[PDB]
Amino acid sequence: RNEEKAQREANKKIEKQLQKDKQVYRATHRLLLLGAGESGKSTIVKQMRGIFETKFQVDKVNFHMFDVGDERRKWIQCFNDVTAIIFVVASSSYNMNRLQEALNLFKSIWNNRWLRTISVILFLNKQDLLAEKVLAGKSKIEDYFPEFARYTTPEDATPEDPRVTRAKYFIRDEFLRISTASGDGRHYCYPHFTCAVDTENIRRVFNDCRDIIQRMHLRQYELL
Amino acid sequence: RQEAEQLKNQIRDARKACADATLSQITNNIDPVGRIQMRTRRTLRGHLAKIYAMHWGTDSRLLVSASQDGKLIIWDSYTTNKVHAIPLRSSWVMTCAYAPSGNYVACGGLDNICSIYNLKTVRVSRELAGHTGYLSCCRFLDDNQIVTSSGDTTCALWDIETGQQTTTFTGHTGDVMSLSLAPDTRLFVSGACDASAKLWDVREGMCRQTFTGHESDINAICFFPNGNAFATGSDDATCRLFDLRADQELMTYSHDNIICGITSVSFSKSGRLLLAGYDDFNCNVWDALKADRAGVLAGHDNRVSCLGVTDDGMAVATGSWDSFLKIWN
Amino acid sequence: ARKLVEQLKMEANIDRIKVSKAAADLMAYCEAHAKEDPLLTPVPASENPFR
Amino acid sequence: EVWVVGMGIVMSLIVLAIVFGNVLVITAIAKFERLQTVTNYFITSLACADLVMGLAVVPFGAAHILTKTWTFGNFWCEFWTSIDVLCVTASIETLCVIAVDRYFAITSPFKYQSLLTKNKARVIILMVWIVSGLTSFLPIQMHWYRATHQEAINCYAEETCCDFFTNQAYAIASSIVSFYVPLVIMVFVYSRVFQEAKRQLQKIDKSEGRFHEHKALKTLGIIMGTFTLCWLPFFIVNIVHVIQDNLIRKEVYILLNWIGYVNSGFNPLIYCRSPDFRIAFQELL
Ligand SMILES: Nc1nc2c(ncn2[C@@H]2O[C@H](COP(=O)(O)OP(=O)(O)OP(=O)(O)O)[C@@H](O)[C@H]2O)c(=O)[nH]1
Ligand SMILES: CN[C@@H]1CCc2c(ccc(O)c2O)[C@H]1O
């Protein structure tokens, strides 16, 4: 008799609480920080200012980053509703092959069935070390990666010796070749060049997330 | 160390000699059950995000579900009104459980920790740690001992009073995805990612038998009500019925029109109907004995990840990524 | 490697029964308990709590 | 004779299409929960307005045109005129609201969720409908709009002829409130949207052009063109026939007014082409 009314009141209270929680849920934007082993993941996170969570806001916008921590990845189906993916790779480890493993990992991530609508932000760390080995060493990418001989810088791209820029563009285009192969217009990639001392990473992520949401909304209305 | 091949050949020869006639041969002449039509009776809403797990209560009245918004909600099926809402420390949960006594609720996820809550006091009671990987499933064996399986190819039996592992089960190669307990709560099985299902002994703590019918990862498993058989589901769109005493499979359920995976498997009270959920946003109802379809449970806009049948077998509940739960009768 | 070798010998020494007996037992159980499942047999609306 | 006959068949076909499209859209929205989005409340309000107009005012107008004599009382003449004005002036502000919603969605992605909520949408729709009905029923049911000319006096006196005669003030006010004000908003909003789309396309081309504005131009072109073509000539002849006496004949006025009514038969063909709507229509007949 009265138990039904008491249960109704409890249901009303629970619904009132859930309605208030929904707003704070919808406000935040989630990200996944996925990088290869030994690829500078620790620094980029540390110098910004079994699992790890990070809270930070830019211009009154809440972001929430997750670092996972298995060669096989069965848990990746749980990350199909994130805003973007931050991929961290060491650009200077082409001889220690670590770079080829990173390329295969990126290819596996891109063409997954459950990640059909997730964009990837690419960070190319260790610019100083790559430049040092490119300019001051007898070893050349040519040996490690053979095709390097044919590629010549894109005429349009900005730039420094004429060899370091060529190497960086070769690496970036080796990634963009996989990037532009499939996926139609559902998701994109935004390559970036980053060193340890760089301080603008938090602004770059903000801009990229804004562009991602803008492009999704534009595509939804048959305008792009 | 070439004797290992000799033992495997011995096992294969014994299994081949054991078989006399197919299951379909014996059960061919029984009458079919005909078309079975099911209609939605209740719809439960209130979850902000997708659902991964659920478990009916032992009284066939209360059920619990866990979503990725980081919240456990205990429903009331009869009057479609909530009772409890428990926030979580971490927002990633992959499993849930309901104690047989109706007093405790457990949940664990991507963090390598199994948590236990005290409904009748709602604050955390214990935190069981020691696994090195994400948890996949957990079942209350009693009010003070719980068995769990994690992603590090191991299973453990815990003690809630002290929070320390009592027995550890090892032997698998790939990740463990599910487990279920026997009707007498003396044995339990497990399905791994190496396409192999094993049968353990809780008291002894040593593996007993192994079945290797499938060709891909196993995502679900459940016992027959009799207690001498169990059926699994895999990524190759096949459900196979094994048997403990004979020690080989008897029947496979497959169709040419399905190429998707399987996420849940359950039986009916009489064991005549086998219910499975697929990635095609709908569930199928199979015939256990004659291996023939008898109905479809459609109505979900996204994939189905959970499914369970009440102890009294009065209804079946399905959960999906569309953040909804439905009760079918 | 001897640990793995021991298990293979251990699992081999179990008595087994023919498929016919197991299939007959399953069919007998399913036919015996067939009259006590609301899913298979549509019960009257009087006893159904979801209507 | 034959002309009278023919007019009928096409008028009945127009009525049937206007009713059928709107009722199908409403049924599809109501039946399925996958379409119960915030943006779909404005669309269902527009669909209800178009359905009400097509079901109420078109048949009686057709009967008046064909029989050349109105067979109901003065009260029903005023009632029909009021419903016509209300529906016409409520079927455009909803399109303005939709344009503003798309503007906010595209230009400010980080604040779209907070700005628009299921609670505020009802307030906006109620405000639009109230302000629409305030300019239709209030000055028509009462006799402010009535004119004092020699023809108008006989028209209001007789119980068989129900024509539209108005003074300058009411016509100008109604036209400005209904059409001219909700046009500059559309133009500004869609100009900004097109500029943003062009900027995004240029960014993509500069980013990954080597390995790899038509759709946006076509979409904005059809959306603006159908509405402007349908409703622009009428809202110019409306002003100019009051500015100058005997400048424009009544027959072309009625023809342009009827051209305006065709617009309600195209909104389902414009705002409801999404894959979800297509699947819903395929499932439901
Ligand atoms: N000179 C230089 N050293 C760098 C730069 N970025 C990273 N390092 C070095 O790389 C080391 C950290 O990278 P790793 O240890 O490979 O990886 P981590 O970031 O520590 O952790 P994981 O990324 O999770 O493996 C530090 O000791 C840094 O000194 C850079 O831009 N310049
Ligand atoms: C009888 N037909 C009416 C006459 C004038 C008028 C219409 C519609 C909207 C207006 O703002 C109007 O002033 C027409 O539908």
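By the numbers in Swiss-Prot, the shown part of chain A spans 13-61, 206-225, 229-255, 264-326, 330-394.
Per deposition record, electron microscopy, 3.4 Å.
Any Cβ shown, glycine's included, is placed from N, Cα and C.
Residues or ranges marked as region 'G1 motif' in Swiss-Prot (evidence: sequence analysis): A:42-55.
Counted with DSSP, the region 'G4 motif' (A:288-295) comes out as 2 helix, 5 strand, 1 coil. Here Swiss-Prot flags A:288-295 as region 'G4 motif', drawing on sequence analysis.
Here Swiss-Prot flags A:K300 as ubiquitin cross-link. Secondary structure from DSSP puts A:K300 (ubiquitin cross-link) in a helix. Long-range C-beta contacts of A:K300 (ubiquitin cross-link), restricted to its own chain and to partners at least six residues apart, with a cutoff below 8 Å, comprise A:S251, A:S306.
Taken from Swiss-Prot, the feature phosphoserine covers A:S352. Neighbour list (A:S352 (phosphoserine), Cβ cut-off 8 Å, at least 6 residues apart, same chain): A:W277, A:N278. A coil conformation is recorded for A:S352 (phosphoserine) in the three-state DSSP classification, outside any helix or strand.
Annotated region 'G5 motif' per Swiss-Prot: A:364-369, in sequence order.
In the deposited coordinates, A:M255 and A:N264 are the last and first modelled residues around 8 missing ones; Cα to Cα they measure 6 Å. No coordinates are deposited for the 3 residues that fall between A:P326 and A:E330. The C-alpha atoms bordering this gap are 7 Å apart.
Distance (Cα-Cα) between A:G225 and A:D229, which enclose 3 unmodelled residues in the deposited structure, is 9 Å.
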